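Naming: A, B, ... by sequence-line order, numbering from 1 per chain.
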Amino acid sequence: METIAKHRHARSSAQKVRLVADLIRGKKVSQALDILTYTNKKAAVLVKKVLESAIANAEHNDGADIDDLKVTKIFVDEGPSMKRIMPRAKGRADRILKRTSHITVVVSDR
Amino acid sequence: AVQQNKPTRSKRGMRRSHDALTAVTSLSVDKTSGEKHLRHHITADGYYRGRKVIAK
RNA sequence: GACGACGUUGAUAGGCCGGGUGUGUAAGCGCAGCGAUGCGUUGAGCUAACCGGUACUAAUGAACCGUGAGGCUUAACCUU
RNA sequence: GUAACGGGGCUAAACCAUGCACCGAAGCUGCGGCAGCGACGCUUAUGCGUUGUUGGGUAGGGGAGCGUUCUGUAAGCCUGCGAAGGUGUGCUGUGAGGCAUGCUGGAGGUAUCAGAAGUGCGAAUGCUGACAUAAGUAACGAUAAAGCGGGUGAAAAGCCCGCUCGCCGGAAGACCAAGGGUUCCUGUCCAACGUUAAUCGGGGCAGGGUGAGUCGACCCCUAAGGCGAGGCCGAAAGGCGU
RNA sequence: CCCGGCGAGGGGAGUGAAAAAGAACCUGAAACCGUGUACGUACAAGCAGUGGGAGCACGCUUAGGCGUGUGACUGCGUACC
RNA sequence: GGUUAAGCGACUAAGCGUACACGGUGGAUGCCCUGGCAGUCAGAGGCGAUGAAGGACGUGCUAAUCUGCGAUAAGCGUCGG
């Protein structure tokens with residue numbers, strides 16, 4: 001059986017986060033945690049917290065066992081953008097986009 | 001200076017084929033403390049090769 | 001990126017020891033002079049990337065990837 | 001860059017004369033289907049039995065239809081035993097289209113025959129909103145410069161404390177007018193704002209702070225100039241001036 | 001009640017006909033961006049389709065040799081206003 | 001069955017394409033009206049030195065804005081419902 005954890009409206013573009021997510025797809029939870037610990041990326045911290053939350057939900061709500069868990073599904077989706085104005089030379093103006101994303105993690109005994 | 005035609009999404013994916021990043025092959029184990037650490041680096045507790053280096 | 005050398009059964013890099021090279025008689029003390037200065041100790045002191053040596057410091061035991069005799073048909077051969 | 005047979009190659013696979021075969025088009029013939037215009041059968045509120053012939057097409061002329069919103073027929077008919085809309089599948093007509101049904105949706109829809117139009121979009125460097133590309137590329141605003149220890153904290157190259165180093169010093173120091181209008185002090189918070197992080201801030205929220213007979217304004221006096229009782233002048237408005 | 005910085009954001013429980021009606025809230029189309037499965041693709045040259053067509057996967061079938069997805073190889077072919 | 005030689009030969013996907021399934025972003029479509037548009041039949045066609053039109057500042061158990069009101073300040077007296 002599956003358990004889900006999510007983090008919506010994260011301040012990071014989906015392209016940057018997807019790089020970290022590909023590392024742990026299909027791996028065991030114990031091995032996945034070690035990989036994220038020694039990755040020097042900002043997105044690694046964000047993904048680590050989501051993974052830990054999913055594991056915690058398993059025992060309290062589903063009564064699973066740590067040793068039998070592994071990462072079955074993981075994906076990132078684009079979120080709403082924020083509009084800002086950046087002045088340029090000669091009186092011209094430019095539009096700036098600040099992108100967000102949604103992070104989903106699924107852990108199962110399969 | 002600028003493009004004449006819009007590149008396709010297929011061409012975009014081809015360029016990013018070298019963007020994947022690699023993970024650490026393995027981690028070392030201290031002979032005394034017992035916890036994992038990066039090779040040739042001190043442990044979080046403050047050990048290195050079972051010597052207990054300064055851990056202020 | 002790549003390519004070459006080495007990792008304790010070790011001269012790979014730094015330090016250290018000796019030499020070379022460059023600059024040109026350090027500091028301290030003594031003597032002469034009213035003094036600025038001069039002379040002796042003294043070709044002295046200092047000296048990067050160079051040459052010949054030396055395990056004092058750093059190069060850790062492990063772990064990871066890669067397997068387990070390698071298709072079918074025909075001819076000559078093992079058994080010219 | 002062979003470059004004066006399209007190529008390979010050819011002594012016939014070249015040229016001249018004669019003869020017989022075959023290849024070759026949406027042309028002609030064969031088989032099935034649709035439509036226009038003619039004469040005949042006096043058929044017929046007209047379809048055919050037949051019977052000839054025709055059917056590339058811009059500018060442009062003539063004929064016949066599909067679908068959308070609204071009014072009557074309708075106090076009718078369908079519908080919570082599931083309406084409109086959205087998304088699939090099957091069938092059907094020469095075409096614009098039509099019919100049935102699974103899932104989603106949760107309250108309206110409308111036959112037939114007539115009537116009226118804000119009645120059909122790919123283009124006009126068309127108008128408004130949303131989202132791509134270049135690309136995780138350029139850049140992060142004076143080349144006066146930073147190093148270490150301790151503290152707080154989930155997290156410290158940037159905040160607080162301490163010791164060194166560097167820069168300005170007729171200013172990059174100090175006090176005001178003009179202008180702005182709470183940016184001033186203390187506690188607390190980190191979403192957004194700060195071209196990075198942030199425990200920090202001229203950022204968010206709450207409370208506190210400006211004490212005059214002598215400083216300034218008001219007040220008395222006038223310069224340039226403005227307004228101006230009567231007055232002079234001008235179609236009206238109005239102009240000049242004691 | 002649980003993970004997290006007495007955060008942001010989530011997983012249960014509960015309310016309701018419905019929470020894929022949770023306040024970024026009725027219905028929720030298109031451009032655009034992702035995860036999973038089947039087939040094709042690293043000696044082959046051009047408006048990317050069309051006619052022919054092997055192999056593979058899957059659903060059927062009184063094997064009825066049919067339907068659906070993919071498309072090695074080959075003839076022809078230089079968008080629209 | 002063994003050795004040698006010749007001929008032929010599937011299994012790879014760093015990435016990409018088509019189809020289907022499930023999502024994100026975005027706010028079209030359908031349904032809805034305490035808002036608008038055009039008229040018909042009747043009212044009233046002026047307000048002001050007894051200080052107008054339009055404004056400033058105040059007014060609550062009240063920190064802000066809107067409505068009402070004016071130091072008698074979301075109100076006072078009297079006659080009716």
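Under 3.5 Å, the side chains of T3(A) and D62(A) contain a donor-acceptor pair of N or O atoms.
Side chain of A56(A), nearest nucleotide from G24(F), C3(E), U133(D): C3(E). If you check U195(D), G5(E), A59(C) against the side chain of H40(B), the one that comes closest is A59(C). In this structure, the nucleotide among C2(E), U35(E), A134(D) sitting nearest to the side chain of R25(A) is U35(E). When distances are taken from the side chain of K6(A) to each of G61(C), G10(E), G136(D), the shortest belongs to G10(E). The side chain of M14(B) has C16(F) as its nearest neighbour among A132(D), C16(F), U60(C). Distance from the side chain of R49(B) is smallest for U60(C) among the nucleotides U60(C), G4(E), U133(D). Of the candidate nucleotides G11(E), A24(E), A132(D), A24(E) has the atom nearest to the side chain of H9(A). Among the nucleotides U60(C), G15(F), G5(E), the one closest to the side chain of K49(A) is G5(E). Listed nucleotides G36(E), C193(D), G24(F) differ in distance to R84(A); the shortest reach to its side chain belongs to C193(D). Here the side chain of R18(A) is nearest to one of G23(F), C33(E), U60(C), namely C33(E).
Ranked by how close their nearest RNA chain E nucleotide is to the 5' end, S53(A) and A5(A) are led by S53(A). Nearer the 5' end of RNA chain E, as judged by each residue's closest nucleotide, is the contact made by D62(A), out of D62(A) and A14(A).
Because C1'-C2'-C3'-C4' is negative for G5(E), its sugar is assigned to the south class. Sugar pucker of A114(D): north, as indicated by a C1'-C2'-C3'-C4' torsion of positive sign. Using the sign of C1'-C2'-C3'-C4' as the criterion, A26(D) falls on the south side of the pucker cycle. Sugar puckers are classed by the sign of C1'-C2'-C3'-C4'; that of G62(D) comes out north, on the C3'-endo side. Judged by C1'-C2'-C3'-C4', the furanose ring of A132(D) adopts a north pucker.
Annotation: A63(F) and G70(F) have their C1' atoms spaced 23 Å apart (nearest Å). Nucleotides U35(E) and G23(F) have their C1' atoms positioned 8 Å apart, rounded to a whole Å. To the nearest whole angstrom, the two P atoms, one in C6(E) and one in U199(D), are 14 Å apart. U78(E) and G95(D): their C1' atoms are spaced 32 Å apart (whole Å). Atom name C1', nucleotides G57(D) and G30(D): the rounded distance is 30 Å, in whole Å. Going from the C1' atom of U101(D) to that of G90(D) covers 8 Å, rounded to whole Å.
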Identify every side-chain donor-acceptor pair in residues 10-35 of chain B under 3.5 Å, counting partners at least two apart or on other chains, and give the distances.
residue, atom, partner, partner atom, Å
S17(B), OG, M14(B), O, 2.9
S28(B), OG, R39(B), NH1, 2.6
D30(B), OD1, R49(B), N, 3.4
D30(B), OD2, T32(B), N, 3.1
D30(B), OD2, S33(B), N, 2.9
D30(B), OD2, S33(B), OG, 3.1
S33(B), OG, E35(B), OE1, 2.8
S33(B), OG, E35(B), OE2, 3.0
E35(B), OE2, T43(B), OG1, 3.4

Could you pull out all donor-acceptor pairs under 3.5 Å where a side-chain atom in residues 68-95 of chain A meets a protein atom, sequence neighbours excluded?
residue, atom, partner, partner atom, Å
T72(A), OG1, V106(A), O, 3.3
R88(A), NH1, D94(A), OD2, 3.3

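If you check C127(D) against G60(D), you find neither a Watson-Crick nor a G-U wobble pair with both contacts below 3.5 Å.
Not one side-chain nitrogen or oxygen of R95(A) sits closer than 4.0 Å to the OP1 or OP2 atom of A132(D).
Between the CD1 atom of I4(A) and the P atom of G24(F) there is a distance of 12 Å, rounded to whole Å.
Counting non-hydrogen atoms under 4.0 angstrom, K11(B) reaches nothing in the nucleic acid. If you check every strand for non-hydrogen atoms under 4.0 Å, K98(A) touches sugar and phosphate atoms only. Within the nucleic acid shown, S10(B) comes within 4.0 Å of sugar-phosphate atoms alone, with no base atom in reach, counting heavy atoms only.
Counting all heavy atoms, side chain and backbone alike, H102(A) lies closest to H9(A) at ND1-N, 3.2 Å.
As the counterpart of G97(D), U92(D) is assigned, both hydrogen-bonding distances of the Watson-Crick or G-U wobble pattern falling under 3.5 Å.
Aromatic stacking is not marked for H102(A) over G23(F), as the cut-offs of 5.5 Å for the centres and 30° for the planes do not both hold.
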Give the dot-bracket line for RNA chain E from 5' end to 3' end: parentheses for intra-strand Watson-Crick or G-U pairs under 3.5 Å, square brackets for crossings, | for inter-strand pairing, dots for unpaired. ((.......))..............|.....||.|||||||.......(((...((..(......)..))...))).....
